[PDB]
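Structure first, then comments.
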Amino acid sequence: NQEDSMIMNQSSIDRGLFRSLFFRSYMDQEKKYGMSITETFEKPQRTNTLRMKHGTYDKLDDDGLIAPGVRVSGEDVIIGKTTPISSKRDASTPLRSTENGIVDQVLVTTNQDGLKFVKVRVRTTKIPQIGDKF
Amino acid sequence: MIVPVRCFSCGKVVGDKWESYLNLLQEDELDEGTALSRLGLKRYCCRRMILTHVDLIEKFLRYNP
Amino acid sequence: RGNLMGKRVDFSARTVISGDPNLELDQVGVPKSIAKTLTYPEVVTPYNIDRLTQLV
Amino acid sequence: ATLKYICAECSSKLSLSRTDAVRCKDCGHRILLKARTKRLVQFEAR
Amino acid sequence: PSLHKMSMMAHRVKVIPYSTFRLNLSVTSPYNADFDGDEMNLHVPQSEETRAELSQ
Amino acid sequence: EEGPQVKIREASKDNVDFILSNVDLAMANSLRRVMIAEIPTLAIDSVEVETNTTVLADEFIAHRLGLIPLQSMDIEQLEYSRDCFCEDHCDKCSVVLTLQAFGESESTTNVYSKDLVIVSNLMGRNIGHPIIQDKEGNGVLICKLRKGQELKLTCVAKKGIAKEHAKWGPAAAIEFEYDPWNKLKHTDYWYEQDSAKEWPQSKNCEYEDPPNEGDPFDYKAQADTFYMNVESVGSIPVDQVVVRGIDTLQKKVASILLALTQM
Amino acid sequence: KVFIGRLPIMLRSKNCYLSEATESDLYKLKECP
Amino acid sequence: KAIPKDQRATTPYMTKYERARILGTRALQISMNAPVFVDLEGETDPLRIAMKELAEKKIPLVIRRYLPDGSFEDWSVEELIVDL
RNA sequence: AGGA
Ligand SMILES: [Mg+2]
Ligand SMILES: [Zn+2]
Ligand SMILES: [Zn+2]
Ligand SMILES: [Zn+2]
């Protein structure tokens with residue numbers, strides 16, 4: 001506990017001392033292009049583009065969304081999306097590389113424009129550790 | 001936000017004692033210092049657990065789904 | 001000034017620092033994760049050959 | 001069985017697929033949620 | 001900031017658990033570090049030659 | 001009667017006040033640690049969540065579940081899962097608990113440690129029963145639900161020790177004192193005018209003879225006679241918190257004696 | 001008579017719904033009192 | 001231009017930098033499977049092998065010391081004193 | 001927009 005550091009009761013930490021919740025909301029939308037060339041929220045596979053993320057797409061459902069129960073981890077794909085070009089290109093949203101957690105709430109709404117609007121909250125419990133500030 | 005089971009410092013169960021505490025104050029009218037003591041909360045670590053709790057759960061319950 | 005006198009560099013790491021009364025003056029506590037990321041290029045020599053094969 | 005999306009306010013289940021219209025049935029609001037996986041999630045009690 | 005040649009010194013690795021760089025307290029002063037949330041940089045040499053510069 | 005002696009001052013379901021004499025401080029302290037840290041208990045360790053429509057998060061609940069005290073009387077006949085031979089768990093190494101709750105009432109629906117149910121076969125041993133000390137008989141208040149707030153989950157309670165997690169802590173605070181008159185000169189009292197007036201006397205001052213000023217310092221003197229108080233959480237009865245502590249430390253030293261023997 | 005654009009309203013102001021709103025309404029409206 | 005051995009006037013002692021660079025160099029060479037001029041009495045680290053080589057002044061290297069004018073004095077690691 |  002020398003030079004502005006401190007000793008914490010691990011026993012208390014277990015008991016719930018200073019534990020917190022952490023939520024982060026990843027968001028995306030289906031961008032429309034002039035000639036009705038809209039995007040697609042789907043779970044894509046190889047099928048020409050090959051230009052897609054490495055994270056397990058296998059956590060996604062047919063709507064290109066993870067169900068709100070699943071424990072997500074690496075750059076696991078949280079939102080599946082495709083962009084058409086004059087063909088499946090990938091516009092998927094992976095979990096922030098470093099971060100890990102559980103899918104909390106998935107919001108499937110509409111943009112003012114009348115477009116597919118998606119918001120994915122991902123929750124984790126952050127327990128007091130050795131470099132944590134107080 | 002919802003009564004802590006077990007006092008962080010010593011680990012004596014504190015989970016059962018919430019409603020009982022809240023009651024020793026409304027119905028029995030007693031002061032906080034005597035209520036805790038009735039409930040057998042001797043050490044201040046245990047006392048602070050209940051005495052400083054903020055049962056936010058109730059406010060959360062006020063929303064629908 | 002930004003790309004030549006200074007440079008962003010590989011084989012570099014950074015985290016929160018905390019003191020240890022059980023470390024020697026000249027040592028530095030490195031987190032397992034940080035050691036598992038940073039790498040040293042060791043030339044396969046008859047001295048190290050067997051050690052290195054096991055690390056591999 | 002199956003309740004693909006749930007309503008945000010009236011909380012009525014919706015079970016819709018692509019090109020159905022992003023709205024509730026008897027309720028207005030275009031909000032809608034996702035209803036948790038049928039696959040159980042296990043957590044340690046520590 | 002690195003206003004000293006002592007703001008950059010060579011240390012022995014000690015691989016340890018927990019996510020912090022651990023330092024002996026007596027080495028605190030030259031760096032001007034404290035543990036109120038300070039962060040430090042670590043650079044790994046790649047040559048037998050480079051290490052010799054650090055150690056020697 | 002033999003070696004180190006006990007003299008119980010006060011006993012209850014939850015507390016044991018006693019005096020330990022003809023012992024080294026090292027031994028009283030070692031036992032103090034053992035009671036806190038190494039006595040095995042049974043606690044909820046894995047929680048599969050089927051549905052949770054609550055204001056609380058899955059893991060927030062999961063955590064509270066571990067802290068719920070469970071009957072660990074016959075914990076000695078339950079195997080540590082790690083030592084058990086099954087793919088994961090079984091009746092030989094675990095207690096399966098079920099918790100299903102729903103807001104039928106317009107008023108708030110409460111979820112208690114009483115609402116737990118044993119689904120595993122117990123083999124007629126006293127284990128896994130949620131400890132209820134509560135006056136109205138409800139135990140720990142786990143959750144609160146309004147209406148369509150459903151809670152469905154399954155628990156796997158496993159044998160463990162406080163070293164792994166303080167949830168397997170069989171004891172709450174353990175009181176410990178020796179030499180209430182500072183006869184041993186083991187402390188140097190901080191004062192402003194008088195250490196006698198400024199520092200309150202303890203209960204145990206009565207149980208020991210005051211030093212009587214006109215006497216030289218007993219350097220010869222060593223520390224024996226320890227006024228302790230073991231508080232049980234309910235998992236194990238207070239007597240056993242002490243007995244098992246003595247036993248665990250014995251078995252611990254035994255391991256060393258045996259380890260030398262294998263060598 | 002004539003529509004001349006849209007003015008962003010400040011929450012809890014006269015022109016905001018929430019001003020005349022009661023604790024109970026806000027909880028229904030999903031707003032923290 | 002190259003100052004003759006009988007006209008050298010720089011320290012007869014080895015500089016901190018010279019030693020560091022010699023050890024670094026031999027260590028590198030040893031590590032690159034160069035021939036080792038001393039019995040490795042169980043030794044495996046190329047720096048510790050280099051220190052052993054410098055200890056017995058069995059290192060076949062020469063420090064070319066440049067003067068501000070551009071001239072220089074060549075000194076063998078065998079001849080330089082190691083009081084460091 | 002914050003941290004030493
Ligand atoms: Mg600082
Ligand atoms: Zn306490
Ligand atoms: Zn609706
Ligand atoms: Zn088993």
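Every chain in the structure tokens takes a letter, A first, then B, and so on in the order presented; its residues are numbered from 1, and the ligands are numbered from 1 following the presented order.
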Env. residues ligand 2 / 6 Å / only C-alpha atoms (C1' of nucleotides) and all ligand atoms / as an NGL selection string | :B and (7 or 9-12 or 43 or 45-46)
Take the residues from that selection and write them out as a tab-separated table (two decimals), in the first residue's frame, keeping N, CA and C atoms.
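Contents of again_3.tsv, freshly written:
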```tsv
chain	number	residue	atom	x	y	z
B	7	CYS	N	-22.46	-9.67	5.24
B	7	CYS	CA	-21.69	-8.44	5.44
B	7	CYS	C	-20.29	-8.60	4.83
B	9	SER	N	-17.25	-7.21	5.20
B	9	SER	CA	-16.15	-7.36	6.17
B	9	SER	C	-16.01	-8.69	6.93
B	10	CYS	N	-17.06	-9.13	7.67
B	10	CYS	CA	-17.02	-10.37	8.46
B	10	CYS	C	-17.76	-11.59	7.88
B	11	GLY	N	-18.74	-11.33	7.03
B	11	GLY	CA	-19.50	-12.37	6.36
B	11	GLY	C	-20.64	-12.98	7.14
B	12	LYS	N	-21.28	-12.20	8.05
B	12	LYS	CA	-22.45	-12.70	8.78
B	12	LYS	C	-23.64	-12.42	7.89
B	43	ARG	N	-21.07	-5.80	15.48
B	43	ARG	CA	-19.93	-5.10	14.87
B	43	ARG	C	-20.42	-4.04	13.87
B	45	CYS	N	-19.28	-3.14	11.04
B	45	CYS	CA	-19.20	-3.61	9.66
B	45	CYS	C	-20.56	-4.13	9.25
B	46	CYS	N	-21.20	-4.88	10.16
B	46	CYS	CA	-22.53	-5.47	9.98
B	46	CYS	C	-23.58	-4.37	10.05
```
Can you tell me, as a PyMOL selection string, what residues are no more than 10 Å from residue 45 (chain E) when counting only C-alpha atoms (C1' of nucleotides), ignoring any on the same chain fewer than 6 positions away?
-> (chain C and resi 11-12+39-41) or (chain E and resi 51-54)
Residues as selected, N, CA, C and O atoms, written as a compact mmCIF listing (two decimals), in the first residue's frame, can you do that?
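Result saved to out-v2.txt:
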```txt
# COMPACT_ATOMS: atom_id res chain seq x y z
N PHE C 11 7.08 -4.46 -30.41
CA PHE C 11 7.77 -5.01 -29.21
C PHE C 11 7.79 -4.03 -28.06
O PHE C 11 8.82 -3.81 -27.40
N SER C 12 6.64 -3.41 -27.86
CA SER C 12 6.42 -2.43 -26.82
C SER C 12 5.11 -2.83 -26.15
O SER C 12 4.27 -3.45 -26.80
N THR C 39 7.81 -10.91 -27.85
CA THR C 39 8.67 -11.98 -28.27
C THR C 39 10.16 -11.63 -28.54
O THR C 39 10.50 -10.51 -28.91
N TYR C 40 11.07 -12.57 -28.28
CA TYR C 40 12.50 -12.39 -28.54
C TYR C 40 12.93 -13.41 -29.61
O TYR C 40 12.65 -14.61 -29.46
N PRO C 41 13.63 -12.93 -30.69
CA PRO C 41 14.08 -13.85 -31.76
C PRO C 41 15.40 -14.52 -31.42
O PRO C 41 16.46 -13.88 -31.47
N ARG E 51 20.54 -6.12 -26.29
CA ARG E 51 20.44 -6.52 -24.88
C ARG E 51 21.70 -6.10 -24.16
O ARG E 51 21.61 -5.49 -23.09
N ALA E 52 22.88 -6.40 -24.77
CA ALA E 52 24.18 -6.04 -24.22
C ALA E 52 24.20 -4.55 -23.92
O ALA E 52 24.65 -4.16 -22.84
N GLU E 53 23.63 -3.72 -24.82
CA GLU E 53 23.56 -2.28 -24.59
C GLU E 53 22.75 -1.97 -23.32
O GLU E 53 23.22 -1.20 -22.48
N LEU E 54 21.59 -2.65 -23.16
CA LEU E 54 20.72 -2.45 -22.01
C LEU E 54 21.36 -2.91 -20.71
O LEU E 54 21.47 -2.12 -19.75
```
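Proximity to region 18-30 of chain G at 6 Å, evaluated using only C-alpha atoms (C1' of nucleotides) and with sequence-adjacent residues fewer than 5 positions away removed, yields residues 63 of chain B; 12 and 13 of chain G.
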Within 9 Å of chain C, which residues of chain A are there when counting only C-alpha atoms? Please give them as a compact mmCIF listing (two decimals) with C-alpha atoms, in the first residue's frame.
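The file below, result-v5.txt, is the result:
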```txt
# COMPACT_ATOMS: atom_id res chain seq x y z
CA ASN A 1 0.00 0.00 0.00
CA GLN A 2 3.16 2.26 -0.41
CA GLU A 3 3.11 5.36 -2.78
CA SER A 5 -1.52 2.09 -3.66
CA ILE A 130 -4.92 -5.51 -8.73
CA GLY A 131 -4.58 -2.31 -10.84
CA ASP A 132 -8.06 -0.92 -10.31
```
Please extract the residues at most 9 Å from ligand 4, counting only C-alpha atoms (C1' of nucleotides) and all ligand atoms, and provide them as a PyMOL selection string, using the chain letters and residue numbers of this document.
-> chain F and resi 79-94
Put those residues in a file: N, CA, C and O atoms, as a compact mmCIF listing (two decimals), in the first residue's frame.
```txt
# COMPACT_ATOMS: atom_id res chain seq x y z
N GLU F 79 -18.16 -35.99 -1.77
CA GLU F 79 -16.85 -35.90 -2.42
C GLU F 79 -16.61 -34.52 -3.08
O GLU F 79 -17.56 -33.86 -3.53
N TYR F 80 -15.34 -34.09 -3.12
CA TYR F 80 -15.02 -32.85 -3.84
C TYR F 80 -15.15 -33.28 -5.30
O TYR F 80 -14.61 -34.33 -5.67
N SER F 81 -15.94 -32.53 -6.11
CA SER F 81 -16.19 -32.91 -7.52
C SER F 81 -14.95 -33.25 -8.30
O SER F 81 -14.93 -34.24 -9.01
N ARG F 82 -13.89 -32.48 -8.09
CA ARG F 82 -12.59 -32.67 -8.72
C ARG F 82 -12.02 -34.06 -8.48
O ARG F 82 -11.35 -34.59 -9.36
N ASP F 83 -12.29 -34.63 -7.31
CA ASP F 83 -11.82 -35.95 -6.91
C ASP F 83 -12.79 -37.02 -7.38
O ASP F 83 -12.43 -38.21 -7.47
N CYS F 84 -14.04 -36.61 -7.66
CA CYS F 84 -15.07 -37.54 -8.12
C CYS F 84 -14.77 -38.04 -9.51
O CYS F 84 -14.03 -37.37 -10.23
N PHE F 85 -15.34 -39.20 -9.90
CA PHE F 85 -15.06 -39.79 -11.21
C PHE F 85 -16.00 -39.52 -12.37
O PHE F 85 -15.76 -39.99 -13.48
N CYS F 86 -17.05 -38.77 -12.15
CA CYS F 86 -18.01 -38.52 -13.19
C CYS F 86 -17.61 -37.38 -14.09
O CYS F 86 -17.01 -36.41 -13.64
N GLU F 87 -18.08 -37.43 -15.33
CA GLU F 87 -18.03 -36.35 -16.31
C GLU F 87 -18.85 -35.25 -15.58
O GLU F 87 -20.06 -35.44 -15.34
N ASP F 88 -18.18 -34.22 -15.09
CA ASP F 88 -18.81 -33.14 -14.28
C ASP F 88 -19.37 -33.51 -12.91
O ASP F 88 -18.60 -33.63 -11.96
N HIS F 89 -20.69 -33.60 -12.75
CA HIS F 89 -21.17 -33.85 -11.40
C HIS F 89 -22.13 -35.00 -11.30
O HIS F 89 -22.55 -35.57 -12.32
N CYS F 90 -22.46 -35.33 -10.04
CA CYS F 90 -23.36 -36.42 -9.67
C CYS F 90 -23.85 -36.22 -8.24
O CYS F 90 -23.54 -35.21 -7.61
N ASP F 91 -24.61 -37.21 -7.73
CA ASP F 91 -25.13 -37.20 -6.38
C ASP F 91 -24.00 -37.41 -5.37
O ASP F 91 -24.12 -36.87 -4.27
N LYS F 92 -22.92 -38.15 -5.74
CA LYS F 92 -21.77 -38.46 -4.87
C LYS F 92 -20.98 -37.24 -4.52
O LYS F 92 -20.26 -37.26 -3.51
N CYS F 93 -21.07 -36.20 -5.37
CA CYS F 93 -20.26 -34.99 -5.25
C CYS F 93 -21.03 -33.66 -5.26
O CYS F 93 -20.38 -32.60 -5.10
N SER F 94 -22.37 -33.69 -5.47
CA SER F 94 -23.15 -32.46 -5.52
C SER F 94 -24.63 -32.55 -5.12
O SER F 94 -25.26 -33.63 -5.18
```
Please check which protein, DNA or RNA residues sit within 10 Å of ligand 3, counting only C-alpha atoms (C1' of nucleotides) and all ligand atoms, and write them as a VMD selection string.
-> chain D and resid 6 to 14 23 to 32
Could you save those same residues with C-alpha atoms as a compact mmCIF listing (two decimals), in the first residue's frame?
```txt
# COMPACT_ATOMS: atom_id res chain seq x y z
CA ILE D 6 -41.08 -9.00 -28.06
CA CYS D 7 -42.84 -5.56 -27.85
CA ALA D 8 -41.12 -2.79 -25.89
CA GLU D 9 -44.28 -1.35 -24.15
CA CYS D 10 -47.34 -3.69 -24.30
CA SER D 11 -44.84 -6.65 -24.16
CA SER D 12 -46.79 -8.87 -26.62
CA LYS D 13 -44.66 -11.49 -28.49
CA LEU D 14 -44.24 -11.04 -32.31
CA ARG D 23 -44.22 -2.56 -35.79
CA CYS D 24 -46.37 -4.06 -33.05
CA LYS D 25 -49.80 -5.80 -33.46
CA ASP D 26 -52.54 -3.79 -31.57
CA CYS D 27 -49.85 -1.39 -30.32
CA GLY D 28 -48.16 1.30 -32.39
CA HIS D 29 -44.47 1.80 -31.41
CA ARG D 30 -41.76 0.49 -33.78
CA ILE D 31 -39.40 -0.37 -30.86
CA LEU D 32 -39.34 -4.23 -30.31
```
Grab me every residue within 7 Å of ligand 1, counting only C-alpha atoms (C1' of nucleotides) and all ligand atoms, and send it over as an MDAnalysis selection string.
-> (chainID E and resid 33:38) or (chainID I and resid 4)
Select from chain D everything DSSP, run on the backbone, classes as strand (DSSP E), then give the selection as a list in words.
-> residues 41, 42, 43 and 44 of chain D
Take the residues from that selection and put them in a file with C-alpha atoms, as an mmCIF file, in the first residue's frame.
```cif
data_model
loop_
_atom_site.group_PDB
_atom_site.id
_atom_site.type_symbol
_atom_site.label_atom_id
_atom_site.label_comp_id
_atom_site.auth_asym_id
_atom_site.auth_seq_id
_atom_site.Cartn_x
_atom_site.Cartn_y
_atom_site.Cartn_z
ATOM 1 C CA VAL D 41 -26.542 -19.931 -20.082
ATOM 2 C CA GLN D 42 -24.555 -21.209 -17.121
ATOM 3 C CA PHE D 43 -22.769 -18.877 -14.639
ATOM 4 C CA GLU D 44 -20.357 -19.565 -11.741
#
```
Interface residues on chain E facing chain C, 9 Å, only C-alpha atoms, written as a PyMOL selection string | chain E and resi 9-28+33-48
Could you pull the residues within 9 Å of residue 63 (chain H), counting only C-alpha atoms (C1' of nucleotides), minus those fewer than 3 positions along the same chain, as a ChimeraX atom specification?
-> /H:18,22,73-77
Expected file contents, prior selection, N, CA, C and O atoms, as a PDB file, in the first residue's frame:
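Everything below was put into part.pdb:
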```
ATOM      1  N   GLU H  18      32.990   0.695 -25.320  1.00  0.00           N
ATOM      2  CA  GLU H  18      33.782  -0.281 -26.058  1.00  0.00           C
ATOM      3  C   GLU H  18      33.385  -1.677 -25.587  1.00  0.00           C
ATOM      4  O   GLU H  18      32.760  -2.415 -26.359  1.00  0.00           O
ATOM      5  N   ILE H  22      31.679  -4.679 -27.537  1.00  0.00           N
ATOM      6  CA  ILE H  22      32.451  -5.905 -27.775  1.00  0.00           C
ATOM      7  C   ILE H  22      31.615  -7.112 -27.346  1.00  0.00           C
ATOM      8  O   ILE H  22      31.368  -8.026 -28.154  1.00  0.00           O
ATOM      9  N   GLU H  73      43.214   5.434 -34.092  1.00  0.00           N
ATOM     10  CA  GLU H  73      44.122   4.571 -33.365  1.00  0.00           C
ATOM     11  C   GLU H  73      43.429   3.216 -33.215  1.00  0.00           C
ATOM     12  O   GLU H  73      42.292   3.156 -32.706  1.00  0.00           O
ATOM     13  N   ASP H  74      44.097   2.131 -33.675  1.00  0.00           N
ATOM     14  CA  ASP H  74      43.533   0.786 -33.523  1.00  0.00           C
ATOM     15  C   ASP H  74      44.072   0.139 -32.256  1.00  0.00           C
ATOM     16  O   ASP H  74      45.290   0.143 -32.001  1.00  0.00           O
ATOM     17  N   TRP H  75      43.144  -0.376 -31.443  1.00  0.00           N
ATOM     18  CA  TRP H  75      43.443  -1.046 -30.177  1.00  0.00           C
ATOM     19  C   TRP H  75      42.767  -2.424 -30.104  1.00  0.00           C
ATOM     20  O   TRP H  75      41.564  -2.544 -30.382  1.00  0.00           O
ATOM     21  N   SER H  76      43.562  -3.462 -29.750  1.00  0.00           N
ATOM     22  CA  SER H  76      43.092  -4.838 -29.633  1.00  0.00           C
ATOM     23  C   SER H  76      42.414  -5.044 -28.312  1.00  0.00           C
ATOM     24  O   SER H  76      42.831  -4.456 -27.313  1.00  0.00           O
ATOM     25  N   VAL H  77      41.401  -5.905 -28.277  1.00  0.00           N
ATOM     26  CA  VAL H  77      40.741  -6.147 -26.996  1.00  0.00           C
ATOM     27  C   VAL H  77      41.714  -6.892 -26.037  1.00  0.00           C
ATOM     28  O   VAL H  77      41.565  -6.834 -24.811  1.00  0.00           O
TER      29      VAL H  77
END
```
Might you pull out every residue within 10 Å of residue 59 (chain B), with only C-alpha atoms (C1' of nucleotides) counted and same-chain residues fewer than 2 positions away left off, and present them as a ChimeraX atom specification?
-> /B:1,55-57,61-63 /F:55 /G:27,32-33
As a tab-separated table (two decimals) with N, CA, C and O atoms, in the first residue's frame, please: the residues near region 235-252 of chain F (cut-off 8 Å, only C-alpha atoms (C1' of nucleotides), same-chain neighbours under 5 positions excluded).
```tsv
chain	number	residue	atom	x	y	z
F	12	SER	N	-24.33	-20.91	22.34
F	12	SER	CA	-25.58	-20.72	21.59
F	12	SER	C	-25.50	-21.48	20.25
F	12	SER	O	-24.49	-22.15	19.97
F	13	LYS	N	-26.58	-21.39	19.43
F	13	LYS	CA	-26.72	-22.00	18.09
F	13	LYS	C	-25.66	-21.39	17.14
F	13	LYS	O	-25.07	-22.08	16.30
F	14	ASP	N	-25.41	-20.09	17.34
F	14	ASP	CA	-24.57	-19.23	16.55
F	14	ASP	C	-23.24	-18.82	17.18
F	14	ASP	O	-22.35	-18.42	16.44
F	15	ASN	N	-23.08	-18.86	18.51
F	15	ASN	CA	-21.82	-18.38	19.10
F	15	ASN	C	-21.22	-19.20	20.24
F	15	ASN	O	-21.96	-19.71	21.09
F	16	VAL	N	-19.87	-19.27	20.28
F	16	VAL	CA	-19.11	-19.95	21.34
F	16	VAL	C	-18.03	-19.04	21.86
F	16	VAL	O	-17.04	-18.77	21.17
F	30	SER	N	-3.15	-20.13	14.45
F	30	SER	CA	-3.24	-21.13	13.38
F	30	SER	C	-4.67	-21.65	13.31
F	30	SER	O	-5.27	-21.59	12.24
F	31	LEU	N	-5.25	-22.03	14.48
F	31	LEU	CA	-6.63	-22.48	14.60
F	31	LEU	C	-7.61	-21.38	14.15
F	31	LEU	O	-8.55	-21.68	13.40
F	34	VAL	N	-7.46	-21.41	10.27
F	34	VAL	CA	-8.10	-22.68	9.85
F	34	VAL	C	-9.64	-22.59	9.86
F	34	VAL	O	-10.30	-23.06	8.92
F	35	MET	N	-10.21	-22.01	10.94
F	35	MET	CA	-11.66	-21.88	11.09
F	35	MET	C	-12.24	-21.00	10.00
F	35	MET	O	-13.17	-21.42	9.29
F	38	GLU	N	-10.13	-22.86	6.07
F	38	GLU	CA	-10.01	-24.22	5.54
F	38	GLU	C	-11.07	-25.28	5.88
F	38	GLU	O	-10.93	-26.43	5.45
F	39	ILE	N	-12.12	-24.89	6.60
F	39	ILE	CA	-13.16	-25.86	6.93
F	39	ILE	C	-14.10	-25.99	5.72
F	39	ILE	O	-14.66	-24.96	5.31
F	41	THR	N	-17.40	-26.62	3.39
F	41	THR	CA	-18.81	-26.24	3.41
F	41	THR	C	-19.38	-26.63	2.03
F	41	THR	O	-18.62	-27.00	1.13
F	42	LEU	N	-20.70	-26.55	1.89
F	42	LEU	CA	-21.39	-26.76	0.63
F	42	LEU	C	-22.02	-25.41	0.26
F	42	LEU	O	-22.69	-24.78	1.09
F	69	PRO	N	-26.32	-19.64	2.61
F	69	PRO	CA	-25.76	-20.76	3.38
F	69	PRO	C	-26.55	-22.04	3.23
F	69	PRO	O	-27.78	-22.00	3.23
F	70	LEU	N	-25.85	-23.17	3.04
F	70	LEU	CA	-26.49	-24.48	2.88
F	70	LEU	C	-26.04	-25.47	3.93
F	70	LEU	O	-24.89	-25.39	4.39
F	71	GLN	N	-26.95	-26.40	4.32
F	71	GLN	CA	-26.60	-27.39	5.33
F	71	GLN	C	-25.39	-28.18	4.87
F	71	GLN	O	-25.38	-28.72	3.76
F	72	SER	N	-24.32	-28.10	5.67
F	72	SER	CA	-23.07	-28.79	5.41
F	72	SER	C	-22.70	-29.62	6.64
F	72	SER	O	-21.54	-29.65	7.03
F	73	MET	N	-23.69	-30.29	7.26
F	73	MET	CA	-23.43	-31.11	8.43
F	73	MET	C	-22.60	-32.33	8.03
F	73	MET	O	-21.46	-32.51	8.49
F	131	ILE	N	-29.96	-22.72	4.87
F	131	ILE	CA	-30.00	-22.35	6.27
F	131	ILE	C	-30.95	-21.19	6.48
F	131	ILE	O	-30.78	-20.11	5.88
F	170	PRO	N	-17.30	-20.82	6.67
F	170	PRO	CA	-18.29	-21.42	7.59
F	170	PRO	C	-18.52	-20.61	8.83
F	170	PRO	O	-19.49	-20.84	9.56
F	171	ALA	N	-17.59	-19.65	9.05
F	171	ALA	CA	-17.54	-18.75	10.18
F	171	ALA	C	-17.59	-17.31	9.72
F	171	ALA	O	-17.08	-16.98	8.64
F	230	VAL	N	-16.08	-17.66	18.41
F	230	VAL	CA	-16.40	-18.21	17.09
F	230	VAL	C	-17.89	-18.03	16.80
F	230	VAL	O	-18.73	-18.50	17.57
```
Backbone-only DSSP, helix (DSSP H, G or I) members of chain E, as a ChimeraX atom specification | /E:25-31,48-55
Take the residues from that selection and put them in a file with C-alpha atoms, as a PDB file, in the first residue's frame.
```pdb
ATOM      1  CA  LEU E  25       9.881   0.977  -4.532  1.00  0.00           C
ATOM      2  CA  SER E  26      13.384   2.449  -4.371  1.00  0.00           C
ATOM      3  CA  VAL E  27      13.375   2.795  -8.243  1.00  0.00           C
ATOM      4  CA  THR E  28      10.152   4.929  -7.963  1.00  0.00           C
ATOM      5  CA  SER E  29      12.012   8.316  -7.630  1.00  0.00           C
ATOM      6  CA  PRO E  30      14.250   8.211 -10.839  1.00  0.00           C
ATOM      7  CA  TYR E  31      11.118   7.500 -13.066  1.00  0.00           C
ATOM      8  CA  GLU E  48      21.998 -10.151 -28.540  1.00  0.00           C
ATOM      9  CA  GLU E  49      23.834  -6.823 -29.249  1.00  0.00           C
ATOM     10  CA  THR E  50      20.865  -4.641 -28.219  1.00  0.00           C
ATOM     11  CA  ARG E  51      20.442  -6.522 -24.885  1.00  0.00           C
ATOM     12  CA  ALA E  52      24.177  -6.039 -24.215  1.00  0.00           C
ATOM     13  CA  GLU E  53      23.560  -2.280 -24.590  1.00  0.00           C
ATOM     14  CA  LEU E  54      20.719  -2.453 -22.010  1.00  0.00           C
ATOM     15  CA  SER E  55      22.445  -4.737 -19.514  1.00  0.00           C
TER      16      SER E  55
END
```
